[PDB]
Amino acid sequence: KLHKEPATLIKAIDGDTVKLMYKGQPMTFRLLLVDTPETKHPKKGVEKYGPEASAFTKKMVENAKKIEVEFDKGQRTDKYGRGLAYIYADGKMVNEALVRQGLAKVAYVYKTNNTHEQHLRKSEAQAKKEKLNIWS
Ligand SMILES: Cc1cn([C@H]2C[C@H](OP(=O)(O)O)[C@@H](COP(=O)(O)O)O2)c(=O)[nH]c1=O
Ligand SMILES: [Ca+2]
């Protein structure tokens, strides 16, 4: 069973990457199961909805009273040293919030870390059906 642990915001980087203080050390976290449009890499450049996704996440984590991280059951870091988790702002999952708004797509689904896969896929279908942002 998964469990939530407290963390403290340091800085929001983009739609799906945030820096937090976790168990007293600064770490970069990458949200599990989603992909927000790129705003940094020279390849593909600044994708559409990139800025918007960034703005969404920033606002959500910066306005929260409490931030929590919840690791899945498999690896806890990616090849770049980033923590892989579901992040909550006042008990609301940022990962899901993004999908529900059409600011991210369900992606990077690894069999070892996919506990909330179905939950996110349901939210994505709803955003598609409402033709929001990315799906417009
Ligand atoms: C979400 C996630 C991404 N990644 C890796 C795959 C991609 O690698 P490559 O960069 O080598 O393509 C990259 C996607 O993250 P970004 O969307 O931040 O770029 O991070 C994982 O390894 N596991 C994960 O759970
Ligand atoms: Ca991304």
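Scanning the range 37-80 for residues that are acidic (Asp, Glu) and in contact with a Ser or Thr (Cβ under 8 Å, 6 or more places away or on another chain) yields a count of 2.
Here residue 59 passes the criteria (1) out of contact with any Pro (no Cβ under 8 Å at 6 or more places or on another chain); (2) over 25 Å from residue 131 (Cα atoms) except the one numbered (2). Any chance you could count how many residues in the range 94-122 are closer than 23 Å to residue 62 by Cα and away from ligand 1 (no atom under 16 Å from the Cβ)? Matching residues across the range 94-122 total 4.
Checked against the criterion of being within 10 Å of ligand 1 (Cβ to nearest atom) and of a type outside the set (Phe, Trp, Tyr), the range 57-68 has no qualifying residue. Determine whether the range 70-82 contains at least one residue that is under 13 Å from the mean Cα position of the chain (by Cα) and away from ligand 2 (no atom under 13 Å from the Cβ). Within the range 70-82, one or more residues are under 13 Å from the mean Cα position of the chain (by Cα) and away from ligand 2 (no atom under 13 Å from the Cβ).
When the range 21-39 is filtered for residues that are of a type in the set (A, V, I, L, M) and under 15 Å from the mean Cα position of the chain (by Cα), the ones remaining, listed by number, are 27, 31, 32, 33, 34. Listed by first and then second residue, the pairs linking a residue in the range 31-43 that is within 13 Å of residue 124 (Cβ to Cβ) to a residue that is within 7 Å of ligand 1 (Cβ to nearest atom) and of a type in the set (S, T, N, Q), with Cβ atoms under 8 Å apart and 6 or more places separating them unless they lie on different chains, are 33/113.
Using ideal geometry, Cβ is built from the backbone for each residue, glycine included, and neighbour counts are taken over all protein chains shown. Every number here is computed from the coordinates shown, using simple stated rules; none is lab data.
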